[PDB]
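Asks: This is the structure I want to talk about, given as structure tokens.
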Amino acid sequence: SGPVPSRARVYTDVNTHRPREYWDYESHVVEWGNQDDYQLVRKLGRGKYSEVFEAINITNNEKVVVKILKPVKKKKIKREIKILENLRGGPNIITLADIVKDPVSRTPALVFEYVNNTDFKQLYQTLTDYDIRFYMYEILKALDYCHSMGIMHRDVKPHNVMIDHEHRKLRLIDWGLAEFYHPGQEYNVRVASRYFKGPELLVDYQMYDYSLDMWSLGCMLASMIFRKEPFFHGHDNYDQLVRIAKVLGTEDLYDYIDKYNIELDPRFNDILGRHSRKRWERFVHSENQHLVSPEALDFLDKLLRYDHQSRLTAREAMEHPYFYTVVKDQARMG
Ligand SMILES: O=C1C=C2C[C@]3(O)COc4c(ccc(O)c4O)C3=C2C=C1O
């Protein structure tokens, strides 16, 4: 017998009641801009399926970021483009400013707004309790928005959250693994960075939903308030579930698997062993305690749950008392 089917408990049918053209990205016709508007300045990063450059728009001398998409299935390129356009103008969603191509070689490239990112491996060291709450709330705005628009990000991690700290400016980037949610659809579990993979991915439960992103966010939260980056550090996908089991415990893991009738690789049960559930307080020490509060642990504890159906929605998260001080301070008359 197979696994129990599942569906999202929020935003379940958003693509169902939207026009075909909204989610049918294969039929999207790209509106191409002008490649000669942009000059490459320096290479920023080497993706495995792209390269990213700082660049200037020479029509207004504004910095931008250009991502060149070498070979790759056109269908993947169209998915990212349709998702970026669907989401543009959404809170803290990176803005796709242009789409261009070599008119001769046909090689496509995405142009994004420039964000003067703080290093991250450095930034988290200097963040205050208030700073983390503020930026968590901003990330949640992005996730609630893209989930409300029927899209799963599927690659939430600190590298995909650009933060211009001196402008209190946050953008969620890298929508290259993002996908439209359709209830009942069996998805590829080969998404997210190892450290931020939800348990559903790690046990090959394919019928997942937006709640995958909330696990990844939980992992980020833990790493920030406990000053341990990344928080769950497995040496591979199997080990990664072991690192989670050693904190959340094996009993709730086995209840999860049992609830969904999931069927585990035989050798999993040998390396999972048996582990009690650990109190979050066990990770609090002199050096990170100023970032930790009981509201923070209650909040974290409601994100990091095996059962994807059990995790907070972004909307519920935003209502948590952890964010009380940032919500008062954000009600802006402008
Ligand atoms: O799939 C991707 C991938 C990236 C990687 C990357 O190109 C890196 O660097 C960026 C950026 C966006 C804005 C920005 O300011 C910046 O520095 C990125 C993306 C957006 C996407 O949808």
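Identifiers for the structure tokens are assigned positionally: chains receive A, B, ... in sequence, residues are indexed from 1 per chain, and ligands are indexed from 1 in the order shown.
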Could you go through stretch 68-119 of chain A and tell me which residues DSSP, when run on the backbone, assigns to helix (DSSP H, G or I), listing them as a list in words?
Replies: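 Going through stretch 68-119 of chain A, the helix (DSSP H, G or I) residues come out as residues 74, 75, 76, 77, 78, 79, 80, 81, 82, 83, 84, 85, 86 and 87 of chain A.
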Asks: All residues within 6 Å of ligand 1 are required, counting only C-alpha atoms and all ligand atoms; please report them as a list in words.
Replies: residues 52, 65, 67, 94, 112, 113, 114, 115, 173, 174, 175 and 176 of chain A
Asks: Just want the 7 Å neighbourhood of stretch 205-219 of chain A, counted on only C-alpha atoms, with same-chain residues fewer than 3 positions away dropped. Output as a ChimeraX atom specification.
Replies: /A:5-8,147,152-154,156-157,181,184-189,196-198,200-201,222-223,231,262,300,303-304,308,311,313
Asks: Hey, can you check how far atom CA of residue A:282 sits from atom CA of residue A:138?
Replies: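 Atom CA of residue A:282 sits 27.8 Å away from atom CA of residue A:138.
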Asks: For residue A:244, which of A:195, A:49, A:322, A:145 is the closest residue, counting only C-alpha atoms?
Replies: A:195
Asks: Using only C-alpha atoms, which residues sit within 7 Å of residue A:284 once same-chain residues fewer than 4 positions away are excluded, as number ranges by chain?
Replies: A: 226, 288-289
Asks: Taking into account only C-alpha atoms, which residue in the set A:101, A:106, A:267, A:20 is nearest to residue A:32?
Replies: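 Among A:101, A:106, A:267, A:20, it is A:101 that comes nearest to residue A:32.
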Asks: Taking 4 positions as the minimum chain separation for residues in the same chain, which residues sit within 10 Å of residue A:272 when counting only C-alpha atoms? Answer as a VMD selection string.
Replies: chain A and resid 238 to 239 241 to 246 249 to 250 253 267 to 268
Asks: Could you please take those selected residues and save N, CA, C and O atoms as a PDB file, in the first residue's frame?
Replies:
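Written out: out_2.pdb:
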```
ATOM      1  N   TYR A 238      20.671  11.308   4.525  1.00  0.00           N
ATOM      2  CA  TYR A 238      20.329  10.367   5.580  1.00  0.00           C
ATOM      3  C   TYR A 238      20.744  10.929   6.926  1.00  0.00           C
ATOM      4  O   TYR A 238      19.928  11.007   7.840  1.00  0.00           O
ATOM      5  N   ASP A 239      22.008  11.323   7.043  1.00  0.00           N
ATOM      6  CA  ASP A 239      22.509  11.932   8.277  1.00  0.00           C
ATOM      7  C   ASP A 239      21.699  13.158   8.689  1.00  0.00           C
ATOM      8  O   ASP A 239      21.553  13.441   9.870  1.00  0.00           O
ATOM      9  N   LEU A 241      18.523  13.726   8.435  1.00  0.00           N
ATOM     10  CA  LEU A 241      17.357  13.333   9.205  1.00  0.00           C
ATOM     11  C   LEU A 241      17.772  12.867  10.608  1.00  0.00           C
ATOM     12  O   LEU A 241      17.026  13.048  11.564  1.00  0.00           O
ATOM     13  N   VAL A 242      18.963  12.281  10.721  1.00  0.00           N
ATOM     14  CA  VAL A 242      19.486  11.862  12.018  1.00  0.00           C
ATOM     15  C   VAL A 242      19.732  13.083  12.910  1.00  0.00           C
ATOM     16  O   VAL A 242      19.422  13.063  14.099  1.00  0.00           O
ATOM     17  N   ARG A 243      20.269  14.155  12.343  1.00  0.00           N
ATOM     18  CA  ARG A 243      20.521  15.362  13.139  1.00  0.00           C
ATOM     19  C   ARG A 243      19.213  15.967  13.646  1.00  0.00           C
ATOM     20  O   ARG A 243      19.137  16.490  14.758  1.00  0.00           O
ATOM     21  N   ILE A 244      18.182  15.909  12.816  1.00  0.00           N
ATOM     22  CA  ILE A 244      16.873  16.381  13.241  1.00  0.00           C
ATOM     23  C   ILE A 244      16.330  15.465  14.346  1.00  0.00           C
ATOM     24  O   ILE A 244      15.870  15.943  15.375  1.00  0.00           O
ATOM     25  N   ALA A 245      16.420  14.152  14.150  1.00  0.00           N
ATOM     26  CA  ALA A 245      15.903  13.201  15.144  1.00  0.00           C
ATOM     27  C   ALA A 245      16.568  13.368  16.509  1.00  0.00           C
ATOM     28  O   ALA A 245      15.954  13.139  17.536  1.00  0.00           O
ATOM     29  N   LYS A 246      17.824  13.791  16.517  1.00  0.00           N
ATOM     30  CA  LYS A 246      18.556  13.930  17.767  1.00  0.00           C
ATOM     31  C   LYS A 246      18.108  15.149  18.570  1.00  0.00           C
ATOM     32  O   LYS A 246      18.426  15.281  19.752  1.00  0.00           O
ATOM     33  N   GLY A 249      13.673  14.220  18.431  1.00  0.00           N
ATOM     34  CA  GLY A 249      13.371  12.889  18.946  1.00  0.00           C
ATOM     35  C   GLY A 249      12.805  11.935  17.903  1.00  0.00           C
ATOM     36  O   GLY A 249      12.165  12.356  16.943  1.00  0.00           O
ATOM     37  N   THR A 250      13.026  10.645  18.109  1.00  0.00           N
ATOM     38  CA  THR A 250      12.590   9.617  17.166  1.00  0.00           C
ATOM     39  C   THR A 250      11.103   9.258  17.256  1.00  0.00           C
ATOM     40  O   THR A 250      10.502   8.859  16.254  1.00  0.00           O
ATOM     41  N   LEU A 253       9.037  11.352  15.109  1.00  0.00           N
ATOM     42  CA  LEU A 253       9.419  10.982  13.757  1.00  0.00           C
ATOM     43  C   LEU A 253       8.649   9.730  13.340  1.00  0.00           C
ATOM     44  O   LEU A 253       8.070   9.688  12.254  1.00  0.00           O
ATOM     45  N   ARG A 267      17.724   0.711   6.235  1.00  0.00           N
ATOM     46  CA  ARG A 267      18.927   1.115   6.941  1.00  0.00           C
ATOM     47  C   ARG A 267      18.722   2.427   7.680  1.00  0.00           C
ATOM     48  O   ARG A 267      19.567   2.833   8.475  1.00  0.00           O
ATOM     49  N   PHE A 268      17.594   3.084   7.426  1.00  0.00           N
ATOM     50  CA  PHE A 268      17.278   4.309   8.146  1.00  0.00           C
ATOM     51  C   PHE A 268      17.087   4.028   9.623  1.00  0.00           C
ATOM     52  O   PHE A 268      17.598   4.747  10.470  1.00  0.00           O
TER      53      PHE A 268
END
```
Asks: Pick out the closest residue to residue A:22 from this set: A:72, A:66, A:151, A:100. Count only C-alpha atoms.
Replies: A:151
Asks: If you run DSSP on this backbone, which residues of stretch 72-225 of chain A come out as strand (DSSP E), and could you give them as a list in words?
Replies: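 Put together, the selection reads residues 96, 97, 98, 99, 100, 101, 108, 109, 110, 111, 112, 113, 151, 152, 161, 162, 163, 164, 169, 170, 171, 172, 179 and 180 of chain A.
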Asks: To one decimal place, how far is atom CA of residue A:12 from atom CA of residue A:182 in Å?
Replies: 7.4 Å
Asks: Considering only C-alpha atoms, return as a list in words whatever protein or nucleic-acid residues lie within 10 Å of residue A:111, sequence-local ones (same chain, fewer than 3 positions apart) excluded.
Replies: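 Listing them by chain and then by number gives residues 33, 35, 38, 52, 53, 54, 55, 57, 64, 65, 66, 67, 68, 95, 96, 97, 98, 99, 100 and 114 of chain A.
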Asks: May I have the selected residues written with C-alpha atoms, as a PDB file, in the first residue's frame?
Replies:
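Output file out-v4.pdb follows:
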```pdb
ATOM      1  CA  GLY A  33      14.229  43.680 -23.338  1.00  0.00           C
ATOM      2  CA  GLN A  35      20.691  43.234 -24.008  1.00  0.00           C
ATOM      3  CA  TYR A  38      23.410  46.365 -19.711  1.00  0.00           C
ATOM      4  CA  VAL A  52      25.553  35.955 -11.575  1.00  0.00           C
ATOM      5  CA  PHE A  53      27.108  39.335 -12.263  1.00  0.00           C
ATOM      6  CA  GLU A  54      26.976  42.844 -10.899  1.00  0.00           C
ATOM      7  CA  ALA A  55      26.154  45.061 -13.888  1.00  0.00           C
ATOM      8  CA  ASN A  57      22.077  49.716 -16.770  1.00  0.00           C
ATOM      9  CA  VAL A  64      21.602  45.793 -11.408  1.00  0.00           C
ATOM     10  CA  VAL A  65      22.306  42.080 -11.129  1.00  0.00           C
ATOM     11  CA  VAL A  66      22.354  39.928 -14.247  1.00  0.00           C
ATOM     12  CA  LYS A  67      21.879  36.184 -14.116  1.00  0.00           C
ATOM     13  CA  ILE A  68      22.903  34.313 -17.269  1.00  0.00           C
ATOM     14  CA  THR A  95      12.225  42.545  -8.476  1.00  0.00           C
ATOM     15  CA  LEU A  96      12.808  41.178 -11.959  1.00  0.00           C
ATOM     16  CA  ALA A  97      13.652  44.439 -13.774  1.00  0.00           C
ATOM     17  CA  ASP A  98      14.318  42.943 -17.237  1.00  0.00           C
ATOM     18  CA  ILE A  99      14.647  39.816 -19.335  1.00  0.00           C
ATOM     19  CA  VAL A 100      17.227  39.835 -22.174  1.00  0.00           C
ATOM     20  CA  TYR A 114      20.549  45.478  -7.091  1.00  0.00           C
TER      21      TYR A 114
END
```
Asks: In Å to one decimal, how far is atom CA of residue A:85 from atom CA of residue A:51?
Replies: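 Separation of atom CA of residue A:51 and atom CA of residue A:85: 20.6 Å.
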Asks: Find, counting only C-alpha atoms, the residue in A:199, A:263, A:171, A:84 that gets nearest to residue A:2.
Replies: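 Closest residue, counting only C-alpha atoms: A:263.
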Asks: Which is closer to residue A:30 than all the others in A:62, A:307, A:80, A:13, using only C-alpha atoms?
Replies: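 Smallest distance to residue A:30 is found for A:80.
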Asks: May I have the residues within 9 Å of residue A:299 as a PyMOL selection string, using only C-alpha atoms and disregarding those fewer than 2 positions away in the same chain?
Replies: chain A and resi 218+294-297+301-303+312+317+320-322
Asks: Could those selected residues go to a file with N, CA, C and O atoms, as a CSV table (one decimal), in the first residue's frame?
Replies:
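The result, written out as selection31.csv:
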```csv
chain,number,residue,atom,x,y,z
A,218,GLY,N,12.2,27.9,9.9
A,218,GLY,CA,12.5,27.4,11.3
A,218,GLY,C,14.0,27.1,11.4
A,218,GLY,O,14.6,27.5,12.4
A,294,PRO,N,11.4,33.4,25.8
A,294,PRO,CA,10.4,32.3,25.7
A,294,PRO,C,9.5,32.4,24.4
A,294,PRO,O,9.0,31.4,23.9
A,295,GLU,N,9.3,33.7,24.0
A,295,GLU,CA,8.4,33.8,22.8
A,295,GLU,C,9.2,33.3,21.6
A,295,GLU,O,8.6,32.6,20.7
A,296,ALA,N,10.5,33.4,21.5
A,296,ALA,CA,11.3,32.9,20.5
A,296,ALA,C,11.3,31.4,20.4
A,296,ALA,O,11.2,30.8,19.3
A,297,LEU,N,11.4,30.7,21.6
A,297,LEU,CA,11.4,29.3,21.6
A,297,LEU,C,10.0,28.7,21.3
A,297,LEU,O,9.9,27.7,20.6
A,301,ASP,N,9.5,26.4,18.1
A,301,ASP,CA,9.0,25.0,18.4
A,301,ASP,C,7.7,24.8,17.5
A,301,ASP,O,7.4,23.6,17.2
A,302,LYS,N,7.0,25.8,17.1
A,302,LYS,CA,5.8,25.6,16.3
A,302,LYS,C,6.1,25.6,14.8
A,302,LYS,O,5.3,25.2,14.0
A,303,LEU,N,7.4,25.9,14.4
A,303,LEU,CA,7.8,25.8,13.0
A,303,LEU,C,8.5,24.4,12.8
A,303,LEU,O,8.2,23.7,11.8
A,312,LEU,N,3.2,26.1,11.7
A,312,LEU,CA,2.6,27.4,11.4
A,312,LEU,C,2.5,27.7,10.0
A,312,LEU,O,3.5,27.4,9.3
A,317,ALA,N,2.3,32.6,11.8
A,317,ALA,CA,3.6,33.0,12.3
A,317,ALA,C,3.7,34.5,12.6
A,317,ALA,O,4.1,34.9,13.7
A,320,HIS,N,2.3,35.7,15.9
A,320,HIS,CA,2.9,35.3,17.1
A,320,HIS,C,3.4,36.4,17.9
A,320,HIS,O,3.9,37.4,17.3
A,321,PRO,N,3.3,36.4,19.3
A,321,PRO,CA,3.8,37.4,20.2
A,321,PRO,C,5.3,37.8,20.1
A,321,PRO,O,5.7,38.9,20.4
A,322,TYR,N,6.1,36.8,19.6
A,322,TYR,CA,7.5,37.1,19.2
A,322,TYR,C,7.6,38.4,18.4
A,322,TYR,O,8.6,39.1,18.6
```
Asks: Find the residue from A:172, A:58, A:44, A:14 that sits nearest to residue A:143; use only C-alpha atoms when measuring.
Replies: A:172
